[PDB]
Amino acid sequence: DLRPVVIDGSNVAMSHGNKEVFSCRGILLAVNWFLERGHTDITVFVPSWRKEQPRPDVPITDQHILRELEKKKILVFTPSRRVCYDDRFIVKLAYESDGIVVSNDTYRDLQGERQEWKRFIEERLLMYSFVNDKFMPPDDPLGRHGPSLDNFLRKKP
C-alpha cells in the first residue's frame, strides 16, 4: 500500500530539540504524523545507549517515550555497548524494504560507500522542518520533477 517508513530517530529528536537536546517528543510527533495518515509500517531506529542515564553532555527530554514506542513495535533499538551502527541500520533497512527514510542527514559517508545507497538516498530521503511541535515534510519532496508527497509515500500513484 504505502512504502515502509524508516525514521532516523536521533536526527528527528535532535531537530525537535533545536540541536541542543535529544527531544523524544520530536520522535513521537513524527511518528504520529505518519500514523494519522494511516501508515502501519513505521520503524524508528535509536541507539540503545539512549536508554541509559543522561550524561550532562547528552541531555534528553521525555525519555520515557522510547520504551513506550518500543512496546508498540514502532521503535527498535540499534545495538551499542562500552560503538554504534545507527545510520547503516537505517539505510540498509529502508533500502532492502524498498521504503523511505525520514531524516535531514544525507549520510554522505554511506553514499560514498555503496553506489546503490547513494542513488537510494537521492530518491527516498524525506527531509523536514520542525516549527515548535509542527512536523513539516515537503509537499513535493523531489520538486516539480517529482510526485506529490501523497504519491511519494505510496508504492504506486
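Residue numbers run from 1 along the displayed sequence.
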Between neighbours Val83 and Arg82, residues that the deposited sequence lists but the model omits
4 to 9
Quick one: say whether 137 to 145 or 9 to 17 has the higher mean Cα B-factor in the deposited entry.
137 to 145
Between 47 to 55 and 26 to 34, name whichever shows the higher mean Cα B factor according to the PDB entry.
47 to 55
Would you mind checking which of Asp105, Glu123, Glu113, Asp62 has the top Cα temperature factor in the PDB entry?
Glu113
Is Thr40 in the lowest, middle or highest third of its chain when residues are ranked by C-alpha B-factor?
highest
